[PDB]
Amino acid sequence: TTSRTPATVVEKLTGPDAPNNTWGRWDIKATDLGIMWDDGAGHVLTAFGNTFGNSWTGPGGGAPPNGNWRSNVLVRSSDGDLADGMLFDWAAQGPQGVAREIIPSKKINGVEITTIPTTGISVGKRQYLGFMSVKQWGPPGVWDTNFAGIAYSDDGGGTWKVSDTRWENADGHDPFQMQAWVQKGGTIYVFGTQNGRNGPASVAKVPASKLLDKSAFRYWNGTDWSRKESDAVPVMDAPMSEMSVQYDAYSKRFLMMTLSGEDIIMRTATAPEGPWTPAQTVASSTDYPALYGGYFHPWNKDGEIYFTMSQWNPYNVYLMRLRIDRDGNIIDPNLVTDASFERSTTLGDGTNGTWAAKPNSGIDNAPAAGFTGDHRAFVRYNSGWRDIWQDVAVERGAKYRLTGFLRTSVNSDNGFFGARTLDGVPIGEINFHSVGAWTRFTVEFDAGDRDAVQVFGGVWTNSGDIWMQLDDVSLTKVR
């Protein structure tokens, strides 16, 4: 939809330009999902779906025959400072220097083409990773699974076995093919969808210590929790996709994220069986085309909600953030209009929620041309100060955080990114020189005694033919 996107892009976690350098360290050049859980020992484990190495070019998933296709890979983080990204400090390797597939697949189309992680959790000293055995793929949002399964590891994710526990997909409509686990107290709630993205979500619950025992599951049947899976009823209507569910102590609500139709949405509930509050836009397909996934970071707290988002054309995973109040309502949204430049192929005059720029400037538009999406802004010249800017309404006296991703021609020597008055006087800014990789810059400032500022990025071009590119600009209130 054209709904506004409250969420902010924090970092590209995987693939080209990613700070993490998954490509260099582990031959993770392109991948998706980024399903996260707390390993019970001070770390976050993060699992990915179909992963490709050095020869991948994109756009999209898929690679040449030498693409080092693994159905899945796993990395670890110990990073508690998510505002500045999420550093991966380890990966399951084999050989060393290459992230290995941890849940094997046959890679025979129409039998089992791949095995894709869905959700993860730890109980005591055991890690568990839910997955789906994919028989074959159809058009977007459509695929067939053989079963949902569970792998486990007793050494923090170093080595894995596949358990015998499965939800078989007898008739293609089994409701627990694609799962999402949340633990509260001594109980794991297991949400499930059918294969693909056109069906509803169901829920079951199991004592945390009995996750591998299907007979210990009880299924919400609309009145109570019963033994038969075939009694399960939907708790959230179709259409729903891959899902993530987190218990947020701050708001005393379960939060659920999913791609529903076009957009990633969030709903909230005081109990897993519902009632689930109406969908709130997290990210729209207009701002983040061919987005999918959406998995909560397990160290979210205090109303700060970090999550991983996938996107088809760049075929890589981004860390995202949004904020909620104590009722689970999204607050302090990105106030920048058209933050990812995806909504227009030209510039405006900088007013009324449009971007402006000096000559020579425009929107580059091609598959995965953006930092995210297919669009980015540019400005280029060979004389004087050359910038890109947008007027943004603000609350006088409030403090703001401005983040954005930019890069320059190698011969760039002086650029700035920041906020200024509508008269052009800088309020807060930083100074960059030559920027190779897409790089996030971050500026926090007081809006002061005014109802609007101009967010901007630009380069001095006195020294030569110099360009800057820009994407995914966010202005959000600081609390």
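So that there is no doubt, residue numbering starts at 1 and follows the sequence shown.
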query	finding
Stretch exceeding the other in mean C-alpha B-factor - 432-440, 449-457	449-457
Stretch with the greater mean C-alpha B-factor as recorded in the entry, comparing 181-189 against 369-377	181-189
Given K399, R321, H297, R76, the residue at which the Cα B factor reaches its maximum	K399
Most elevated Cα B-factor in the entry, residues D332, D364, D237, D287	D237
For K125, the third of its chain into which the C-alpha B factor falls	highest
Within-chain third of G404 by Cα B-factor, per the entry	lowest
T1, C-alpha B-factor rank within chain (lowest, middle or highest third)	middle
For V410, the third of its chain into which the C-alpha B factor falls	middle
B-factor third for the C-alpha atom of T46 within its chain	lowest
